[PDB]
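The next block is upload.cif, given as mmCIF, C-alpha atoms.
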data_work
#
loop_
_atom_site.group_PDB
_atom_site.id
_atom_site.type_symbol
_atom_site.label_atom_id
_atom_site.label_comp_id
_atom_site.auth_asym_id
_atom_site.auth_seq_id
_atom_site.Cartn_x
_atom_site.Cartn_y
_atom_site.Cartn_z
ATOM 1 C CA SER A 1 41.057 37.074 127.445
ATOM 2 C CA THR A 2 44.776 37.667 127.821
ATOM 3 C CA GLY A 3 47.814 38.307 125.659
ATOM 4 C CA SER A 4 51.556 37.797 126.161
ATOM 5 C CA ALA A 5 54.290 38.999 123.801
ATOM 6 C CA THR A 6 58.064 39.125 124.034
ATOM 7 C CA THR A 7 59.704 42.524 123.687
ATOM 8 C CA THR A 8 63.274 42.678 122.380
ATOM 9 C CA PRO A 9 65.922 45.422 122.545
ATOM 10 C CA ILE A 10 66.660 46.979 119.149
ATOM 11 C CA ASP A 11 70.395 47.150 119.823
ATOM 12 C CA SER A 12 73.113 46.311 122.343
ATOM 13 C CA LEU A 13 72.364 49.416 124.420
ATOM 14 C CA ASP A 14 68.596 48.910 124.914
ATOM 15 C CA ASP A 15 67.885 52.172 123.059
ATOM 16 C CA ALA A 16 64.321 50.923 122.566
ATOM 17 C CA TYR A 17 62.317 47.698 122.540
ATOM 18 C CA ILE A 18 60.249 46.145 119.759
ATOM 19 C CA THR A 19 57.278 43.825 120.087
ATOM 20 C CA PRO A 20 55.707 41.906 117.193
ATOM 21 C CA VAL A 21 52.135 42.919 116.355
ATOM 22 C CA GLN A 22 49.795 41.221 113.879
ATOM 23 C CA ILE A 23 47.757 43.657 111.738
ATOM 24 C CA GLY A 24 45.107 42.742 109.212
ATOM 25 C CA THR A 25 43.902 39.627 107.405
ATOM 26 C CA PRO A 26 46.001 37.703 106.508
ATOM 27 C CA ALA A 27 48.222 38.929 109.312
ATOM 28 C CA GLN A 28 50.975 41.430 108.545
ATOM 29 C CA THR A 29 53.494 41.301 111.399
ATOM 30 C CA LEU A 30 55.207 44.592 112.232
ATOM 31 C CA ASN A 31 57.642 45.236 115.097
ATOM 32 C CA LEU A 32 56.280 48.128 117.106
ATOM 33 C CA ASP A 33 57.667 50.261 119.923
ATOM 34 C CA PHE A 34 55.184 49.942 122.786
ATOM 35 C CA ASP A 35 54.995 53.416 124.281
ATOM 36 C CA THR A 36 53.234 54.116 127.579
ATOM 37 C CA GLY A 37 54.008 57.819 126.974
ATOM 38 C CA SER A 38 51.775 58.231 123.900
ATOM 39 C CA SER A 39 48.420 57.072 122.576
ATOM 40 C CA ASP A 40 48.646 56.524 118.813
ATOM 41 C CA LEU A 41 49.174 53.169 117.084
ATOM 42 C CA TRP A 42 50.920 54.186 113.880
ATOM 43 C CA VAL A 43 52.827 52.231 111.264
ATOM 44 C CA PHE A 44 55.111 52.543 108.295
ATOM 45 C CA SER A 45 52.913 51.691 105.356
ATOM 46 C CA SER A 46 52.478 51.446 101.616
ATOM 47 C CA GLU A 47 51.420 55.129 101.849
ATOM 48 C CA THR A 48 54.669 56.306 103.454
ATOM 49 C CA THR A 49 56.730 58.619 101.257
ATOM 50 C CA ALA A 50 59.149 56.225 99.557
ATOM 51 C CA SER A 51 62.322 58.189 100.342
ATOM 52 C CA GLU A 52 61.371 58.067 104.032
ATOM 53 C CA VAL A 53 61.288 54.257 104.166
ATOM 54 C CA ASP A 54 64.654 52.565 104.733
ATOM 55 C CA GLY A 55 64.393 48.911 105.750
ATOM 56 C CA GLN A 56 61.192 48.986 107.821
ATOM 57 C CA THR A 57 58.407 46.483 107.329
ATOM 58 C CA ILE A 58 55.303 48.218 105.983
ATOM 59 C CA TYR A 59 51.591 47.692 106.479
ATOM 60 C CA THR A 60 49.714 47.508 103.180
ATOM 61 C CA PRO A 61 46.014 48.026 103.918
ATOM 62 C CA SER A 62 44.952 47.106 100.373
ATOM 63 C CA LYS A 63 46.193 43.549 101.079
ATOM 64 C CA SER A 64 44.082 43.231 104.224
ATOM 65 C CA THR A 65 40.515 42.019 103.753
ATOM 66 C CA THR A 66 39.516 43.504 107.110
ATOM 67 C CA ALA A 67 41.033 46.978 106.568
ATOM 68 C CA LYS A 68 38.628 49.873 106.207
ATOM 69 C CA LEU A 69 39.561 53.491 105.561
ATOM 70 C CA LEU A 70 38.375 55.675 108.412
ATOM 71 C CA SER A 71 36.952 58.332 106.154
ATOM 72 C CA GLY A 72 38.219 61.867 106.677
ATOM 73 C CA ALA A 73 40.465 60.945 109.599
ATOM 74 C CA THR A 74 44.030 62.227 109.825
ATOM 75 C CA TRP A 75 46.701 62.198 112.505
ATOM 76 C CA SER A 76 49.872 64.076 113.317
ATOM 77 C CA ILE A 77 52.154 63.584 116.295
ATOM 78 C CA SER A 78 55.362 65.099 117.647
ATOM 79 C CA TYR A 79 57.393 63.369 120.336
ATOM 80 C CA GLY A 80 59.572 64.696 123.139
ATOM 81 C CA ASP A 81 62.754 63.840 121.267
ATOM 82 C CA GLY A 82 61.687 66.088 118.392
ATOM 83 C CA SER A 83 60.635 63.301 116.042
ATOM 84 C CA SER A 84 57.259 63.288 114.273
ATOM 85 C CA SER A 85 54.963 61.472 111.868
ATOM 86 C CA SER A 86 51.540 61.957 110.275
ATOM 87 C CA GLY A 87 49.056 60.383 107.888
ATOM 88 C CA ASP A 88 45.586 58.884 107.534
ATOM 89 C CA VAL A 89 43.726 56.129 109.351
ATOM 90 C CA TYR A 90 42.357 52.647 108.797
ATOM 91 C CA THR A 91 40.514 50.365 111.156
ATOM 92 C CA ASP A 92 41.674 46.748 111.114
ATOM 93 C CA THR A 93 42.187 43.683 113.281
ATOM 94 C CA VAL A 94 45.218 43.941 115.560
ATOM 95 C CA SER A 95 46.591 41.153 117.724
ATOM 96 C CA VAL A 96 49.330 41.214 120.351
ATOM 97 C CA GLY A 97 50.553 37.977 121.851
ATOM 98 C CA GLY A 98 47.275 36.188 121.151
ATOM 99 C CA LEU A 99 44.977 39.052 122.237
ATOM 100 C CA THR A 100 42.842 40.352 119.362
ATOM 101 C CA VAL A 101 41.064 43.683 118.939
ATOM 102 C CA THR A 102 38.784 44.194 115.968
ATOM 103 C CA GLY A 103 38.171 47.702 114.635
ATOM 104 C CA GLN A 104 41.430 49.093 116.042
ATOM 105 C CA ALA A 105 42.524 52.441 114.597
ATOM 106 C CA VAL A 106 45.728 51.795 112.680
ATOM 107 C CA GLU A 107 47.302 55.107 111.770
ATOM 108 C CA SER A 108 49.093 54.841 108.444
ATOM 109 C CA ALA A 109 52.096 57.133 108.028
ATOM 110 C CA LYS A 110 52.321 59.286 104.943
ATOM 111 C CA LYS A 111 55.297 61.173 106.420
ATOM 112 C CA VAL A 112 57.851 60.340 109.106
ATOM 113 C CA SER A 113 60.785 62.387 110.379
ATOM 114 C CA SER A 114 64.388 61.446 109.786
ATOM 115 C CA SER A 115 64.987 59.641 113.079
ATOM 116 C CA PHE A 116 62.212 57.176 112.209
ATOM 117 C CA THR A 117 63.556 56.622 108.688
ATOM 118 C CA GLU A 118 67.037 56.110 110.089
ATOM 119 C CA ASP A 119 65.932 53.386 112.494
ATOM 120 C CA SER A 120 65.265 50.322 110.360
ATOM 121 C CA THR A 121 64.249 48.206 113.362
ATOM 122 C CA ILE A 122 61.097 50.115 114.386
ATOM 123 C CA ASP A 123 58.063 49.707 112.117
ATOM 124 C CA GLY A 124 55.875 52.069 114.157
ATOM 125 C CA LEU A 125 54.570 52.769 117.655
ATOM 126 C CA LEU A 126 51.818 51.276 119.777
ATOM 127 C CA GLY A 127 50.648 53.832 122.292
ATOM 128 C CA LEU A 128 49.620 52.740 125.778
ATOM 129 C CA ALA A 129 49.012 56.077 127.527
ATOM 130 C CA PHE A 130 45.438 57.332 127.972
ATOM 131 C CA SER A 131 43.261 57.733 124.894
ATOM 132 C CA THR A 132 42.753 61.433 125.680
ATOM 133 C CA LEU A 133 46.201 61.978 124.088
ATOM 134 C CA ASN A 134 45.307 60.261 120.796
ATOM 135 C CA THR A 135 45.878 62.658 117.878
ATOM 136 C CA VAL A 136 43.330 61.387 115.340
ATOM 137 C CA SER A 137 41.082 64.163 114.020
ATOM 138 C CA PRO A 138 38.195 64.907 113.807
ATOM 139 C CA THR A 139 37.237 61.795 115.820
ATOM 140 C CA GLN A 140 39.735 60.812 118.513
ATOM 141 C CA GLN A 141 40.482 57.075 118.606
ATOM 142 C CA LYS A 142 41.112 54.587 121.409
ATOM 143 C CA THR A 143 44.354 52.797 122.221
ATOM 144 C CA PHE A 144 44.747 49.058 121.811
ATOM 145 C CA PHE A 145 44.564 48.638 125.593
ATOM 146 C CA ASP A 146 41.448 50.808 125.864
ATOM 147 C CA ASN A 147 39.738 48.729 123.160
ATOM 148 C CA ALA A 148 40.792 45.414 124.732
ATOM 149 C CA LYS A 149 40.156 46.314 128.357
ATOM 150 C CA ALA A 150 36.572 45.142 128.790
ATOM 151 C CA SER A 151 37.459 41.735 127.336
ATOM 152 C CA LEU A 152 40.530 41.196 129.503
ATOM 153 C CA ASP A 153 40.437 38.893 132.517
ATOM 154 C CA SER A 154 41.695 41.903 134.540
ATOM 155 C CA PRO A 155 41.945 45.478 133.204
ATOM 156 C CA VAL A 156 45.744 45.642 133.347
ATOM 157 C CA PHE A 157 48.870 45.310 131.321
ATOM 158 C CA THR A 158 52.400 44.730 132.600
ATOM 159 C CA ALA A 159 55.839 45.749 131.372
ATOM 160 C CA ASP A 160 58.799 43.511 132.193
ATOM 161 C CA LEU A 161 61.682 44.976 130.227
ATOM 162 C CA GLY A 162 65.038 43.224 130.132
ATOM 163 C CA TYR A 163 68.504 44.616 130.650
ATOM 164 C CA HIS A 164 70.405 43.748 127.476
ATOM 165 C CA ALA A 165 67.888 40.883 127.073
ATOM 166 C CA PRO A 166 64.304 40.234 125.950
ATOM 167 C CA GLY A 167 61.352 40.823 128.240
ATOM 168 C CA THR A 168 57.572 40.634 128.198
ATOM 169 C CA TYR A 169 54.401 42.668 127.797
ATOM 170 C CA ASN A 170 51.352 40.918 129.241
ATOM 171 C CA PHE A 171 47.731 41.980 128.874
ATOM 172 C CA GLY A 172 44.953 40.991 131.220
ATOM 173 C CA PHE A 173 46.879 39.161 133.951
ATOM 174 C CA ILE A 174 49.714 39.478 136.440
ATOM 175 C CA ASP A 175 52.367 36.761 136.121
ATOM 176 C CA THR A 176 53.187 36.131 139.771
ATOM 177 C CA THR A 177 56.331 34.193 138.763
ATOM 178 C CA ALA A 178 57.853 37.257 137.068
ATOM 179 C CA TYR A 179 58.803 39.278 140.150
ATOM 180 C CA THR A 180 60.164 38.881 143.655
ATOM 181 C CA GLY A 181 58.498 40.027 146.857
ATOM 182 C CA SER A 182 55.317 42.054 146.558
ATOM 183 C CA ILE A 183 53.972 44.640 144.124
ATOM 184 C CA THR A 184 53.640 48.116 145.636
ATOM 185 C CA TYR A 185 50.842 50.132 144.111
ATOM 186 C CA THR A 186 50.883 53.911 143.930
ATOM 187 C CA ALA A 187 48.382 56.581 142.808
ATOM 188 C CA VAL A 188 48.153 57.801 139.227
ATOM 189 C CA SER A 189 47.000 61.140 137.873
ATOM 190 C CA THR A 190 45.542 60.946 134.366
ATOM 191 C CA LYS A 191 45.175 64.735 134.102
ATOM 192 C CA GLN A 192 47.932 65.071 131.484
ATOM 193 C CA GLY A 193 47.044 61.801 129.733
ATOM 194 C CA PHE A 194 50.074 59.937 131.133
ATOM 195 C CA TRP A 195 50.738 57.235 133.704
ATOM 196 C CA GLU A 196 51.809 59.979 136.092
ATOM 197 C CA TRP A 197 52.795 59.161 139.649
ATOM 198 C CA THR A 198 54.930 60.459 142.519
ATOM 199 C CA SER A 199 58.079 58.690 143.624
ATOM 200 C CA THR A 200 58.864 59.005 147.335
ATOM 201 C CA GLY A 201 62.584 59.683 146.901
ATOM 202 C CA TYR A 202 65.968 58.331 145.908
ATOM 203 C CA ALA A 203 69.389 57.091 146.925
ATOM 204 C CA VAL A 204 72.726 57.056 145.129
ATOM 205 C CA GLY A 205 74.755 53.870 145.520
ATOM 206 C CA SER A 206 74.960 52.781 149.150
ATOM 207 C CA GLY A 207 74.023 56.289 150.284
ATOM 208 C CA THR A 208 71.143 57.229 152.553
ATOM 209 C CA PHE A 209 67.668 57.513 151.091
ATOM 210 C CA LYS A 210 66.409 61.053 150.522
ATOM 211 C CA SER A 211 62.678 61.374 151.096
ATOM 212 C CA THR A 212 61.347 63.781 148.517
ATOM 213 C CA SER A 213 58.350 63.757 146.187
ATOM 214 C CA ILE A 214 59.232 63.350 142.514
ATOM 215 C CA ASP A 215 56.278 63.568 140.139
ATOM 216 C CA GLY A 216 56.903 61.882 136.816
ATOM 217 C CA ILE A 217 55.611 59.509 134.142
ATOM 218 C CA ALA A 218 56.166 55.804 133.571
ATOM 219 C CA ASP A 219 57.220 55.896 129.924
ATOM 220 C CA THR A 220 58.343 52.757 128.117
ATOM 221 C CA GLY A 221 58.947 54.798 124.964
ATOM 222 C CA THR A 222 61.719 56.908 126.507
ATOM 223 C CA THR A 223 65.169 55.292 126.791
ATOM 224 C CA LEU A 224 66.589 57.155 129.778
ATOM 225 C CA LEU A 225 65.688 58.307 133.280
ATOM 226 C CA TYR A 226 65.063 62.083 133.391
ATOM 227 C CA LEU A 227 64.945 63.628 136.855
ATOM 228 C CA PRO A 228 65.351 67.044 138.497
ATOM 229 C CA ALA A 229 68.780 68.666 138.119
ATOM 230 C CA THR A 230 69.433 68.446 141.854
ATOM 231 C CA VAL A 231 68.931 64.655 141.864
ATOM 232 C CA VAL A 232 70.982 64.133 138.708
ATOM 233 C CA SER A 233 73.864 66.259 140.017
ATOM 234 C CA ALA A 234 73.914 64.229 143.238
ATOM 235 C CA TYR A 235 74.165 61.010 141.216
ATOM 236 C CA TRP A 236 76.953 62.088 138.842
ATOM 237 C CA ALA A 237 78.961 63.713 141.655
ATOM 238 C CA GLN A 238 79.715 60.128 142.756
ATOM 239 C CA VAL A 239 81.401 59.290 139.424
ATOM 240 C CA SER A 240 84.992 60.583 139.044
ATOM 241 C CA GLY A 241 85.304 62.677 135.922
ATOM 242 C CA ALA A 242 81.577 62.856 135.141
ATOM 243 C CA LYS A 243 80.332 66.199 133.848
ATOM 244 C CA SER A 244 77.424 67.783 132.067
ATOM 245 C CA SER A 245 78.398 68.616 128.489
ATOM 246 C CA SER A 246 76.279 71.121 126.592
ATOM 247 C CA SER A 247 78.020 70.166 123.336
ATOM 248 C CA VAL A 248 77.220 66.463 123.745
ATOM 249 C CA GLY A 249 73.762 67.084 125.214
ATOM 250 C CA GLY A 250 73.942 65.722 128.750
ATOM 251 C CA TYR A 251 76.027 64.094 131.414
ATOM 252 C CA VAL A 252 78.968 62.093 130.165
ATOM 253 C CA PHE A 253 81.414 60.017 132.151
ATOM 254 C CA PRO A 254 84.715 58.213 131.590
ATOM 255 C CA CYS A 255 84.033 54.830 130.043
ATOM 256 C CA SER A 256 86.561 53.381 132.540
ATOM 257 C CA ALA A 257 84.190 54.185 135.439
ATOM 258 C CA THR A 258 82.244 51.762 137.567
ATOM 259 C CA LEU A 259 78.816 53.382 138.004
ATOM 260 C CA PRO A 260 76.929 53.385 141.299
ATOM 261 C CA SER A 261 73.376 52.119 141.515
ATOM 262 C CA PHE A 262 70.390 54.444 141.767
ATOM 263 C CA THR A 263 67.399 53.672 143.965
ATOM 264 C CA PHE A 264 63.932 55.202 143.602
ATOM 265 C CA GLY A 265 61.031 55.025 146.018
ATOM 266 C CA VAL A 266 57.597 53.617 145.358
ATOM 267 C CA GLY A 267 55.688 54.303 148.551
ATOM 268 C CA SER A 268 57.713 52.617 151.279
ATOM 269 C CA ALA A 269 59.259 50.231 148.729
ATOM 270 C CA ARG A 270 62.516 50.703 146.843
ATOM 271 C CA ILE A 271 63.561 49.810 143.270
ATOM 272 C CA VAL A 272 67.322 49.532 142.700
ATOM 273 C CA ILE A 273 68.718 50.351 139.264
ATOM 274 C CA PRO A 274 72.145 48.661 138.998
ATOM 275 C CA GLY A 275 74.990 50.903 137.873
ATOM 276 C CA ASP A 276 75.475 49.045 134.603
ATOM 277 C CA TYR A 277 71.909 49.958 133.550
ATOM 278 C CA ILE A 278 73.035 53.606 133.547
ATOM 279 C CA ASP A 279 75.825 53.058 130.968
ATOM 280 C CA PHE A 280 74.891 53.948 127.376
ATOM 281 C CA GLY A 281 78.387 53.493 126.018
ATOM 282 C CA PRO A 282 80.603 55.765 123.944
ATOM 283 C CA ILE A 283 79.167 59.074 122.765
ATOM 284 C CA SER A 284 80.623 58.297 119.318
ATOM 285 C CA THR A 285 82.316 55.199 117.993
ATOM 286 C CA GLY A 286 85.715 54.701 119.616
ATOM 287 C CA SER A 287 85.322 57.483 122.191
ATOM 288 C CA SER A 288 86.297 56.940 125.832
ATOM 289 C CA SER A 289 83.544 59.343 126.879
ATOM 290 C CA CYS A 290 80.340 57.480 127.676
ATOM 291 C CA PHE A 291 76.766 58.802 127.788
ATOM 292 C CA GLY A 292 74.888 58.625 131.074
ATOM 293 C CA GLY A 293 71.518 56.943 131.531
ATOM 294 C CA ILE A 294 70.316 59.425 134.156
ATOM 295 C CA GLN A 295 69.849 62.922 132.752
ATOM 296 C CA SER A 296 68.245 66.193 133.799
ATOM 297 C CA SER A 297 64.582 66.831 133.061
ATOM 298 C CA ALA A 298 65.109 70.575 133.391
ATOM 299 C CA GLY A 299 63.443 72.149 130.385
ATOM 300 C CA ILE A 300 61.415 69.017 129.535
ATOM 301 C CA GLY A 301 58.744 70.193 131.937
ATOM 302 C CA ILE A 302 58.187 66.708 133.353
ATOM 303 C CA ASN A 303 60.233 63.949 134.961
ATOM 304 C CA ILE A 304 60.352 60.721 132.971
ATOM 305 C CA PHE A 305 60.800 57.238 134.399
ATOM 306 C CA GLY A 306 61.939 55.737 131.111
ATOM 307 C CA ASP A 307 63.409 52.348 130.306
ATOM 308 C CA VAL A 308 66.468 52.764 132.545
ATOM 309 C CA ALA A 309 64.120 52.855 135.542
ATOM 310 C CA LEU A 310 61.336 50.594 134.326
ATOM 311 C CA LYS A 311 63.639 47.726 133.291
ATOM 312 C CA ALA A 312 64.735 47.397 136.935
ATOM 313 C CA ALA A 313 61.138 46.507 137.903
ATOM 314 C CA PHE A 314 58.078 44.493 137.048
ATOM 315 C CA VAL A 315 55.558 47.261 136.321
ATOM 316 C CA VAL A 316 51.771 46.971 136.462
ATOM 317 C CA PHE A 317 49.700 49.463 134.505
ATOM 318 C CA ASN A 318 46.354 49.069 136.249
ATOM 319 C CA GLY A 319 43.545 50.423 134.110
ATOM 320 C CA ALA A 320 40.757 49.904 136.625
ATOM 321 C CA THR A 321 38.167 52.678 137.034
ATOM 322 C CA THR A 322 40.715 54.506 139.171
ATOM 323 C CA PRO A 323 44.030 53.693 137.520
ATOM 324 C CA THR A 324 47.145 52.923 139.546
ATOM 325 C CA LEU A 325 50.739 51.804 138.933
ATOM 326 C CA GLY A 326 52.440 48.868 140.609
ATOM 327 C CA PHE A 327 56.172 48.206 140.937
ATOM 328 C CA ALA A 328 57.970 45.069 142.106
ATOM 329 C CA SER A 329 61.614 44.096 142.177
ATOM 330 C CA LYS A 330 62.545 41.123 139.996
#
This entry written out as structure tokens:
Amino acid sequence: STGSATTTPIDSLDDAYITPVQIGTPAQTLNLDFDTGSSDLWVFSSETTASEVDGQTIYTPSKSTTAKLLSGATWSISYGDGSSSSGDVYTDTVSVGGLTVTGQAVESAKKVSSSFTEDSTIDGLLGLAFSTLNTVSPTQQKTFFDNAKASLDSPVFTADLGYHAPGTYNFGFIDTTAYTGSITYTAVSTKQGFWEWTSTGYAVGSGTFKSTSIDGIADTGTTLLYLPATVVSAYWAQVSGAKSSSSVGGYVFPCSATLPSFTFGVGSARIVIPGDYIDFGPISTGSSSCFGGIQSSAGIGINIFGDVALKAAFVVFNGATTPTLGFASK
């Protein structure tokens, strides 16, 4: 089997992407944030504290003839940005782009933190990291990909995120028309539950490539590119007036700037992030100070190849017995 679904930016800045997902019978379609950095499929629901729902579409398990309470199961998750959610668990039929999993754990939110409430466009998350990170207790549950994998034509999914435009998540096949040149595959460590890999270096603009190992995670659920302070300083030093602001929370730059590109290495291959991908616009409405899309990972404890990086590539998440990651230009 295969599946193919379009993923759409939630706003004009590509702060996140949403992908429609069919849950239950008859189908209830919710727009979920596909997140290769976590491993829970959770939704706003009829059980979510009413004051914490503000415009999201909810899953109502009582209206699904295939929903079954997973007795005694609870879940609770906290994300890197400080947001969180928790609740109980149903199993139900879940389909993405024509690919159907029966008995998928659908984690129903009883509580969500303010950032979730405040974002009306995201109805929940669909985790695509390794199932070892799943938070369901006392019986850990599998991700949608893990459940689908054996049925897929090939045990892979691909992320093809757009810059200020829709893109595609495919399951079970590689669309050879979706990228240019060849796909370069690179080793993955699953030890921390992530799609963790080591970039071979970077360049800023037309500058020379610096060969240096940068361990980090391919994370579709993180907006920005978080890299070591040395790398980030080298990038922003090429932008007149750019500075790190502790009050704002990162590097900012004059909105009048033209940003240089940023290149990262994948083995001997190179992925070029155009300068415009690194512009996240004014820090506050009407400001001429703009927020940068490359930020320091210092104090995160891990480097994160988020959407800023991934949207410059066609990315293969290869879930074979020994997982790997592939990157192609597009």
Practice prompt. Identify which of the residues A:167, A:293, A:205, A:301 lies closest to residue 222 of chain A, counting only C-alpha atoms when measuring atom-to-atom distances.
Written response: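 Between A:167, A:293, A:205, A:301, the residue approaching residue 222 of chain A most closely is A:293.
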Fill in: the PyMOL selection byres ((chain A and resi 90) around 7) resolved against shown file, as a list in words
residues 67, 68, 69, 70, 89, 91, 92, 105, 106 and 107 of chain A
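What the PyMOL selection byres ((chain A and resi 132-138) around 6) matches in the given file is residues 39, 40, 73, 74, 75, 130, 131, 139, 140 and 193 of chain A.
Under the PyMOL selection byres ((chain A and resi 98) around 9), the matching residues in the shown file are residues 1, 2, 3, 4, 5, 95, 96, 97, 99 and 100 of chain A.
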Discussion item. Between atom CA of residue 144 of chain A and atom CA of residue 45 of chain A, what is the distance in Å, rounded to a tenth?
Written reply: 18.6 Å
Worksheet item: What gap, in Å, lies between atom CA of residue 52 of chain A and atom CA of residue 93 of chain A?
Response: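 It comes out at 25.7 Å.
Nearest residue to residue 80 of chain A among A:44, A:253, A:157, A:226 is A:226, counting all atoms listed in the file.
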Can you tell me, as a PDB file with C-alpha atoms, in the coordinates of the input, what residues are no more than 10 Å from residue 36 of chain A when counting all atoms listed in the file, ignoring any on the same chain fewer than 5 positions away?
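File written: around20.pdb
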ATOM      1  CA  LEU A 126      51.818  51.276 119.777  1.00  0.00           C
ATOM      2  CA  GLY A 127      50.648  53.832 122.292  1.00  0.00           C
ATOM      3  CA  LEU A 128      49.620  52.740 125.778  1.00  0.00           C
ATOM      4  CA  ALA A 129      49.012  56.077 127.527  1.00  0.00           C
ATOM      5  CA  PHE A 130      45.438  57.332 127.972  1.00  0.00           C
ATOM      6  CA  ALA A 159      55.839  45.749 131.372  1.00  0.00           C
ATOM      7  CA  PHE A 194      50.074  59.937 131.133  1.00  0.00           C
ATOM      8  CA  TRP A 195      50.738  57.235 133.704  1.00  0.00           C
ATOM      9  CA  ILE A 217      55.611  59.509 134.142  1.00  0.00           C
ATOM     10  CA  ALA A 218      56.166  55.804 133.571  1.00  0.00           C
ATOM     11  CA  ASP A 219      57.220  55.896 129.924  1.00  0.00           C
ATOM     12  CA  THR A 220      58.343  52.757 128.117  1.00  0.00           C
ATOM     13  CA  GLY A 221      58.947  54.798 124.964  1.00  0.00           C
ATOM     14  CA  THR A 222      61.719  56.908 126.507  1.00  0.00           C
ATOM     15  CA  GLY A 306      61.939  55.737 131.111  1.00  0.00           C
ATOM     16  CA  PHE A 317      49.700  49.463 134.505  1.00  0.00           C
TER      17      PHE A 317
END
Worksheet item: Could you work out how far atom CA of residue 17 of chain A lies from atom CA of residue 316 of chain A, giving the answer in Å with one decimal?
Response: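 Computing it gives 17.5 Å between the two atoms.
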Fill in: Residue contacts of residue 227 of chain A (9 Å, all atoms listed in the file) excluding same-chain residues fewer than 5 positions away, as a list in words
residues 214, 216, 232, 294, 295, 296, 297, 298, 302, 303, 304 and 305 of chain A
Worksheet item: In terms of the shortest atom-to-atom distance over only C-alpha atoms, which of A:66, A:48, A:238, A:22 is closest to residue 110 of chain A?
Response: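 Of A:66, A:48, A:238, A:22, the one nearest residue 110 of chain A, counting only C-alpha atoms, is A:48.
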